[PDB]
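Encoded as structure tokens, the following chain is the form solved without the named molecule, with no partner shown.
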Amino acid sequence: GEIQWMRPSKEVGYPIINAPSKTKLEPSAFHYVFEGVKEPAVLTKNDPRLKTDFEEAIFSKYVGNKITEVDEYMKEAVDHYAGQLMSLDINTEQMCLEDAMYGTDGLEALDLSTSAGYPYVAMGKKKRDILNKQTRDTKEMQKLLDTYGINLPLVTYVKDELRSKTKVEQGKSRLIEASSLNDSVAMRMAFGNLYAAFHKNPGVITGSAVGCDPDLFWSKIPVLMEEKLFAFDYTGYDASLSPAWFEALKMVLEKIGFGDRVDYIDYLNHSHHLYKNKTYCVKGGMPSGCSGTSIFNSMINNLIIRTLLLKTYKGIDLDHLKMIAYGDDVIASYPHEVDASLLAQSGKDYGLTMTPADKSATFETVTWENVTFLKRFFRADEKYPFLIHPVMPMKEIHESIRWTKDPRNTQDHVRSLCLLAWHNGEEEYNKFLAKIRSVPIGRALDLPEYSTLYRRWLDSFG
């Protein structure tokens, strides 16, 4: 992914967009109860704590495109992956406007509490002005689909979120591409049925974990896996992707019945963006906020691994590789050991930058003890060791409860966090609850006891 040009919105008639310039993240009741080092991300460039140039930094992700052509290993990957997906009897029919808009089995509705993107955002129009869930009316949407059509520019925003000190300094804030309501809707008519398939079928056939509940899914995963596991991290995954990859994805899509609508895939490859007072063209790179981006980035991952395999281990039978991706996150297994430091080398030739998993500063052996998926470890229940806890480290939970975007959320916020923390076990969780309750708000809350969570976790299993 790489910018082709950038110039001031007003030069070509596009409006300026003003994002709010101040974060909603205040310090929380529990700010000093817990220790933590993440702070709000950098939103503007007239900002003190910046240690280097802002814009220069947020855009450095678009490093370059590297390949242009699908090679034979990519074609092989494609073939193997495509034939995997045909096993699922996936409805290849367009989804009707009503189901696209308002949901159906396997796909939730458009979010009524989010921007409608271009151009509605430059006319103070909202989704609630067009969509209505209680009548599921389509008329005004079809009318707007006639009017503006599709393939509209995306609006760029900075994600307002907690961030590492290092990254606030280096200005490594994260970018959001606001999808047009129109484009979101066209995408769901074309691929709603594929989404509903993947959402229903997380595992090793899809290689996606989208649609899973970690509390119930962590128990199915080691069954689905092979023996020796491998994993790694990606640097700038989505931006790092390049045209050949989007081409290979189209080939999979052609192969499983969605051929008449692969041009839509071109519209994620070649994209135009509104960012504040500027306007830019990007070729290569998955955009952050498009419809499907979660499904599509996983598919492309299931293609990258398979490819790098085929390149790095001649004659390798991918018929025996077991993997699950959630976008760039991945947990992968082969019956025989595979060396991530090798794949990471091949990776370069495909424009991908692969580093060792979980920030561990050298390539060593993945094992159920140190492996991670969606920021969770795997840890078997002491009583029933076939039930696997998803375990997120307190450290992460600690950072979260220190800040808030609205204090009247505090009960829910903290409740949520408990639901996560207790997998660390009764000793850590009762102590969590102690620290919480050491402040007058803490004691005001209704928090569940360790007994209740365990009892409910087990009962959820049948």
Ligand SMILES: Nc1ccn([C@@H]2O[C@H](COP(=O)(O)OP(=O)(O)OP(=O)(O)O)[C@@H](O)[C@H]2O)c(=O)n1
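In this text, residue numbers run from 1 along the sequence as written.
The form deposited with the named molecule bound is left out here; the points below concern that form.
Residue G236 is the only one of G83, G103, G236, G257 with a heavy atom lying within 4.5 Å of the named molecule in the bound PDB entry. Only one of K383, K348, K143, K359 comes within 4.5 Å of the named molecule in the bound PDB entry through a heavy atom, and that residue is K359. Screening 236-244, 268-276, 336-344, 84-92 for residues having heavy atoms within 4.5 Å of the named molecule in the bound PDB entry returns a single hit, 236-244. Although the partner is absent from this view, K283 stays clear of the named molecule in the bound PDB entry, with no non-hydrogen atom inside 4.5 angstroms.
At a distance threshold of 4.5 angstroms between non-hydrogen atoms, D215 is out of contact with the named molecule in the bound PDB entry. When contacts are judged by a 4.5 Å heavy atom cut-off, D99 does not count as touching the named molecule in the bound PDB entry. The named molecule is not drawn, but in the bound PDB entry it has no heavy atom within 4.5 Å of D183. The partner is not shown here, but in the bound PDB entry the stretch 155-176 reaches within 4.5 angstroms of the named molecule through a heavy atom at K159, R163, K167, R174, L175, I176.
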